[PDB]
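In what follows, a structure is listed as structure tokens, so that the remarks can point back to it.
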Amino acid sequence: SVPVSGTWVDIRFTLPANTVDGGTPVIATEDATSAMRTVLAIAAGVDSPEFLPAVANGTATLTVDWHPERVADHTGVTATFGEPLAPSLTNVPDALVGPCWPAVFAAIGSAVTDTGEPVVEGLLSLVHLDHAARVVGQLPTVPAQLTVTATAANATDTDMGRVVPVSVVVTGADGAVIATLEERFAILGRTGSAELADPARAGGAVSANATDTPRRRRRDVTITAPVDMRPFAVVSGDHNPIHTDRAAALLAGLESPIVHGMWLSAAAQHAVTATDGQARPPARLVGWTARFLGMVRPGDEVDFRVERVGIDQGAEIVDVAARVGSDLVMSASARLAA
Amino acid sequence: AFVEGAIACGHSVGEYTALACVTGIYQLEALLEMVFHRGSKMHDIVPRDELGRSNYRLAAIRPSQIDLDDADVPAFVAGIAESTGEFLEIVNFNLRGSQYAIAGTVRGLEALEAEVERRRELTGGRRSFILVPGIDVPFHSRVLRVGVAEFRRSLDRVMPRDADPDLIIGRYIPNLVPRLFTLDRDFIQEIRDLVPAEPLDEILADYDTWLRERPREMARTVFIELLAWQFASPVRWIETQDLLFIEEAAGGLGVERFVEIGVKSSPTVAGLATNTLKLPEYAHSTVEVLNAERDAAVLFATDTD
Amino acid sequence: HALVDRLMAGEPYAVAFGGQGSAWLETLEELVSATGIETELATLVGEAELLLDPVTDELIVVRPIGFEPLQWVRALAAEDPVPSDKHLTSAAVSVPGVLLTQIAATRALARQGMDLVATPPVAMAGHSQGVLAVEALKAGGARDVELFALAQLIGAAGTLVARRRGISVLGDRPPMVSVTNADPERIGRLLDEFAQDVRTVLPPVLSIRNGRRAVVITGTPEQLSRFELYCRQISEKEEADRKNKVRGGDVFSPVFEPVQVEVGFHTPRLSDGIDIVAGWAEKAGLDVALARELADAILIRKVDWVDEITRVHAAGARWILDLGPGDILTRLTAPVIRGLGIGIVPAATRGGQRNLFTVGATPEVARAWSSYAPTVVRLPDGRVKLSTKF
Amino acid sequence: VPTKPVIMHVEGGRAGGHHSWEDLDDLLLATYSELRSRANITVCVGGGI
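Protein chains in written order, with the deposited numbering: chain D, 1002 to 1339; chain V, 1437 to 1741; chain Y, 32 to 421; chain E, 567 to 615.
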């Protein structure tokens, strides 16, 4: 029994007669279901028996209350940049990912492979692999009540791990589609032999008329990762214990917890859309994607080096690459509005 | 490298190309025909000398250090017009601070340069008066109000029947009125009491049944009327630049890039844009001003470092 | 110790409490290292955070590090790395830090041998921040835990509502700009004139009034820079009017300085923060009325330091202690009691303690001006003449 | 010079003869506290009396 964060996780061991002479103990799959569903509750919402949202035939739906000032105190936690810059005035697309966490964790809680379920064998080995956002031109600015719907596809297992793709769509009160998010999750332990399909570049908003104009630098911004993840946890919503708890990080087989993929996602988006007064237009994102590569411990000095890639009917294609020392931790692409 | 829903501005003679190019409300054959007819009809509405001369020149005046502004310049022009006994008019509101254009008769022109040179030797050397190079017709003034009716007839001859009003609504800035082209009772009343428009009074009477009945027809009539009267009405280009540079909050069209399409040997509109930006009413507005020939590399986005 | 000899024998002294933007950490570290009251401060903070048990999540939304001040004091004493300047000057850790500094300074001087309950001060001067501290000393030493938890709520709510609005620091430009060398009524006039045009959306407002020639302005930072451009244009107008040999009386040339606060205070635009503090107070175990009152007093309702200190002088204090962090309150009160003959004394400073304790080292109070008022004499022939020092 | 007494004649701009541009109240509002901080300065004033 492990106290993870306020509550307990029970793992039950069974000992056959094989364990008399060098036999390993076995952990039954239903005991591991119970342990991973209660840590799924600790990740998303209060208790595992029927407080996570119900799974439909394929989907999981939620209706949440949206306020625009929560975007402001989101950016106040995320954007901790240097001196000369300034955050944007329009809202950033990594703010709708906040209220839609119980939908995607409920989708993980019932997502299955081809005859087998990744709820159990890898929830402590869960990594947010990559993220992709596509916005329609609407974005609310009044206090409203919108809804989200997340579908988990049939998970495969490629040469780096078991990939669970999940696609959520967010619509307002009038039935208008606001935005569409697609993200993949890597279960890191178990693998197979299947080809890993590459995700869509710039969130699927490339209009198939793009020329490889030569690269031009835009900005170089150094951002330090914060020490504790509970502020970004309470702001965003994911209480995934791998980012905060020490016992859960040791239980997942890490030396120390890791920062949020959505944290450095939102840091990259603000490094794109920040302003410093000189003669350039502001940035407003339309399509976006970000691939996560390595782990970032809390207290590392990330630096973004944003460049220009292409052009598409007056709007330009812009990528970032984040480094910690001399390797990559993400690679992200974007198509911003004209 | 051409965005789609960008709005259409321009100087009052490139305004025709602003209709034709970035909106496509008509095409370049009718554009070139209309342009040649308005040139040939402008050329023959002034009784001039038989040796080519006239009694009409214009001049760029510079209210710099001589203590003139928006509340003082038209009263100044009317006062020197009453002192001389001639017709003196503003024609081009080019720059807020130090670039105005005055068209009139030659006697009023020497009265203008007399007062400007004596205030110049009062306050310091500025070269505040430059007479126009070459051209000799008082543009956009009251004395051009017969060719506007004949040009209305030629315009109804040239321009096609069916108009799409949404191709210019929220996208067009004329020069006699510096506001967006919008189907408004206030808009048609403003052009009506700015310049008397004899076929517009029936629309000024009623439009609620006519918005129900004749949207394309009514937009077509107000379009040809407002396009015909700028041949004799002065421009309000200072207020167009203010309407383009004042942001969306504190209402006005807040834009990001201001690209003008002209040659690099004389980027005049880009010079006026940079001067209005460096004017001290605002020093923080990041409005990137491009020429389509000086800044070709950064316009087509084919530049390295 | 002749100064406290006179004050404990009884001379009218007032006590003033400091304000914001003062780098409280190093003076609190020096005061703890001088006295040794770390156990009492530790049990104070311990029962305060015990009282703040349910709302730790909504509290930790804001604070990046987490506000453990006494271990920071231990770190600075043992020469360990210190939390950075932004993470110190944010409101949720500053406005409890200065309160803990002032309470520790009062208890430090009470251990040193000056008892405020044995000899009460005459007047109680409270600046911007020090309203809660002057409530804490107007009551006994028995509501310090509730007021410490209340200030620790106030800072988090202030940073939260100010980030929801635009009244926080963006880059280096802060939300408060101090105007010195200017007439405050004229500053109010042209603030209203700068408000009346359409092109501004949020008018910056005048908040406090330090002296007779100094205020500060709180608002959005680009609004502050635009207002500075406006005043610079009027200054260049009157300077050219002097240089071309016209009136030449004076020149409107105010001086702008940034304030080192993270968050604008004393504006009406923080009207939601009082309801946030009311909700957190009713979720916690403390009351709501004095909570809402102090939130009004430190977030919205402006202050007036000039008539505050003239209320002090009308009470008649011939000496004035201040207890606040650093010497900013001394350097702000000197031009306003400059011509009254009242002596300031700093606390929480080694120089202040040696001037407060050494018999041979007492501050030299300058003379009043009613003494320089002239007199009448009679010459020995019966003539009646005037006597000035000339 | 600490012990010797020094006398000021603060003359304004409204005086006859040569014409300073400064104004009297502005001058000694700038400098009155510094004048009274010393103990040996006598301050006579003039200009427009």
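For every residue, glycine included, the Cβ atom is placed at its ideal position computed from N, Cα and C.
Check                                                                                                                                                      : Outcome
For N1092 (chain D), which of helix, strand or coil comes out of DSSP?                                                                                     : coil
Using a Cβ-Cβ distance cut-off of 9 Å, determine whether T1142 (chain D) contacts chain Y.                                                                 : no
Contact between the stretch 113 to 131 of chain Y and the stretch 145 to 165 of chain Y: three or more CB pairs below 8 Å?                                 : yes
Could you tell me how far apart the beta carbons of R1693 (chain V) and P1282 (chain D) are, in whole angstroms, since I believe they sit closer than 8 Å? : 6 Å
Answer with yes or no whether the minimum CB distance from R1231 (chain D) to chain Y is below 9 Å.                                                        : yes
With 16 as the cutoff for other CB atoms within 10 Å, does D1175 (chain D) come out buried or exposed?                                                     : exposed
Going by DSSP, what residue range makes up the beta strand (DSSP E) through residue 1343 (chain D)?                                                        : Here chain D covers residues 1002 to 1339 and nothing more, so residue 1343 (chain D) does not appear.
Can you give me the C-alpha to C-alpha distance between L82 (chain Y) and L1140 (chain D), rounded to a whole angstrom?                                    : 41 Å
Give the DSSP-derived three-state secondary structure of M1263 (chain D) in the structure shown.                                                           : helix
From the beta carbon of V1705 (chain V), is the nearest beta carbon of chain D less than 9 Å away?                                                         : no
Just to confirm before moving on: does the CB-CB distance between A245 (chain Y) and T298 (chain Y) stay below 9 Å?                                        : no
Residue range of the alpha helix (DSSP H) that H1132 (chain D) falls in?                                                                                   : No alpha helix (DSSP H) holds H1132 (chain D); the beta strand (DSSP E) holding it covers 1127 to 1136.
Check whether the Cβ of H1720 (chain V) lies closer than 9 Å to any Cβ atom in chain Y.                                                                    : yes
Quick one: list the residues of chain V neighbouring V232 (chain Y), beta-carbon separation under 7 Å, in chain order.                                     : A1685, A1686
So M1037 (chain D) is in the beta strand (DSSP E); what residue range does that whole segment cover?                                                       : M1037 (chain D) -> not in any beta strand (DSSP E); alpha helix (DSSP H) instead, spanning 1030 to 1045.
Along chain V, in chain order, which residues have C-beta atoms closer than 8 Å to that of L260 (chain Y)?                                                 : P1716, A1719
On a Cα-Cα basis, can you pick out the residue from Y:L178, Y:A136, Y:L168 that is closest to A320 (chain Y)?                                              : Y:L178
Please state if the CB of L62 (chain Y) and the CB of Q183 (chain Y) are separated by a distance shorter than 9 Å.                                         : no
Does DSSP put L260 (chain Y) in a helix, in a strand, or in coil?                                                                                          : helix
Restricting to Cα atoms, I'd like to know which of Y:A156, Y:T70, Y:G50 is closest to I351 (chain Y).                                                      : Y:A156
Under the assumption that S159 (chain Y) contacts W55 (chain Y) (Cβ atoms under 8 Å), give the Cβ distance between them as a whole number of angstroms.    : The pair is not a contact, with the Cβ atoms about 14 Å apart (cut-off 8 Å).
Taking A1511 (chain V) as the reference, give the member of V:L1524, V:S1500, V:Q1501 with the closest Cα.                                                 : V:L1524
For chain D, is any of its Cβ atoms less than 9 Å away from the one on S238 (chain Y)?                                                                     : no
Comparing the C-beta of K420 (chain Y) with each C-beta of chain E, is any distance below 9 Å?                                                             : yes
Can you check whether the CB of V1631 (chain V) is closer than 9 Å to the CB of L1612 (chain V)?                                                           : yes
Does the contact criterion of 3 or more C-beta pairs under 8 Å hold for the stretch 1134 to 1148 of chain D versus the stretch 1277 to 1297 of chain D?    : yes
Quick one, which residues of the stretch 262 to 274 of chain Y are near chain V if we go by CB-CB under 7 Å, in chain order?                               : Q264
Distance cutoff 9 Å, beta carbons only. Does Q1139 (chain D) sit that close to anything in chain V?                                                        : no
Comparing the C-beta of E577 (chain E) with each C-beta of chain Y, is any distance below 9 Å?                                                             : no
To the nearest angstrom, report how far apart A106 (chain Y) and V113 (chain Y) are at their CA atoms.                                                     : 7 Å
Taking any Cβ of chain V, which residues in the stretch 1308 to 1321 of chain D have a Cβ under 8 Å from it, in chain order?                               : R1309, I1312, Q1314, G1315, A1316, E1317
State the DSSP-derived secondary structure class of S64 (chain Y), mapped to helix, strand or coil.                                                        : helix
Would you mind reading off the limits of the beta strand (DSSP E) that contains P1166 (chain D)?                                                           : 1162 to 1172
Is it true that the CB of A1036 (chain D) sits closer than 9 Å to the CB of residue 961 (chain D)?                                                         : Coverage of chain D is limited to positions 1002 through 1339, which leaves residue 961 (chain D) absent and any answer about it impossible.
Classify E1184 (chain D) as buried or exposed, calling it buried when 16 or more other Cβ atoms lie within 10 Å of its own Cβ.                             : buried
Taking DSSP's pairing of strands, which residues face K416 (chain Y) in a bridge?                                                                          : Y:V408
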